[PDB]
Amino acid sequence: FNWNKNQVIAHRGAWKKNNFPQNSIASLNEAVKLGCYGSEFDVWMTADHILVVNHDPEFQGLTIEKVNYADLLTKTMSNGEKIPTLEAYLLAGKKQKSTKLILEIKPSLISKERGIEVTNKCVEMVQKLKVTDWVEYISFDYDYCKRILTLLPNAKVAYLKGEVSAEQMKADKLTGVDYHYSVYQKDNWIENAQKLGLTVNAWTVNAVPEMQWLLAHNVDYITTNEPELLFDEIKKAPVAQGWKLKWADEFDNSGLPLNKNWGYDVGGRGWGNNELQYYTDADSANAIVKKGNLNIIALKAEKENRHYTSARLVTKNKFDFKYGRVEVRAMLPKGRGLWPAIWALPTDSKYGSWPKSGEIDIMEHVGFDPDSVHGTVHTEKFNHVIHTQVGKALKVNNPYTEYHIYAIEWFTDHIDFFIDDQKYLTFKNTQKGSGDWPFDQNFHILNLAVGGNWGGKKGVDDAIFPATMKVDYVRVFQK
């Protein structure tokens, strides 16, 4: 066995790219060629009790469970293949020893006892063909999963349906959870299962954001119709370089930002830049999580001594860190007068107040200049008050209508800045002391300033409100 040790599972074989039929010998062999960890397929049983491979219960209009296999042979798939028998599928996979065969037993549309029998026959067929080492099982029917585990105690078995606790599954000796990916977008489903020793798979994951999300949280497998795109995404993901996720807010809660992750900076006293906004305290009008992302909303609204309200969220003393990859996926608010920022301040200010203990601006944008997004470091020697800050600006296509990934990678000796994995700035540790390099322990800040010394130079377009900065996630990786 030269098993492939990657996360790619080819949903119904590798069928889509080369226009093969789903759940076919062609699509399975293509999955072997690509080097997938596994190739996934679906099993039904004919009326005359022959196991065959097809997702739907009707193969070209014939109800599999109610017709003879001979009846199904009157139909031909797009590449000329007939409906494969399970035996033919398992023997084709037997001819190679690098990718697993992920067998799905479909719940019977006839009866639970029939489907338990299907399960009996599937396990017997794996044993008769001696391919027990290739085959791993998934099912929507919890009873079939447990029946497999009775017949094969060391079998790999994962459950697909979603409504059983990770704690119960480990009790019943299942080895993985395999839910639709939306299911995991509730509280710590992934970490929970891994804590208990279950592998984590997710199905059908065809789009890049969900791929990068599942990789960031280090799932074991991803079932996809886009295995070639997934290999590409694995190469460019932070785990490929040794980054491990330490902390994330995927903003999958609804309501106010989580108190375990975010505190509020509150007040309208200018924030050192003569800014025009009052940052409010736990007010859903300026900070709200909904539909999978954080909304920071600036409003043209009098409050106390200011004409605008907004929000400034900080992880100070909730998540503080030194070194790492900081990744924030964000869509910027449009309009002259706005000054959104994604940045970081030191938690303890070991060298004195700003700018002596530093600041890192992962993303700054002033709405009067739409074609520039900026990254900047500030130190005692290199800051904007004395006109010595070290920073660069990149033009970003469509900053207001699509998400972009604003990122830093922060090491003992330098900091790299990225916009959508384009590196555009490196700040090197000069090794001449803390006035040149104060970086030892910081936290994150998301805010939408209005006006101010930088952002207000050309006035505020009072028509742009309400103005929303959307943040898909904040992820912090470390080595």
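Note that residue numbering begins at 1 and tracks the sequence as displayed.
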Mean C-alpha B-factor comparison - 467-475 and 17-25, higher one
17-25
Comparing 356-364 with 150-158, where is the mean C-alpha B-factor higher?
150-158
Per the deposited B-factor column, the C-alpha that peaks among 250, 87, 380, 104 belongs to 380
Which of these has the highest Cα B-factor in the record: 224, 78, 286, 139?
78
Looking at the entry's B-factor column for C-alpha atoms only, identify whether residue 443 ranks in the lowest, middle or highest third of its chain.
middle
Sorting the chain's modelled residues by C-alpha B-factor, tell me whether residue 70 ends up in the lowest, middle or highest third.
middle
Third assignment of residue 61 from its chain's C-alpha B-factors:
highest
By the entry's values, the third containing the CA B factor of residue 395 is the middle
Could you place residue 174 in the lowest, middle or highest third of its chain by Cα temperature factor, using the values in the record?
highest
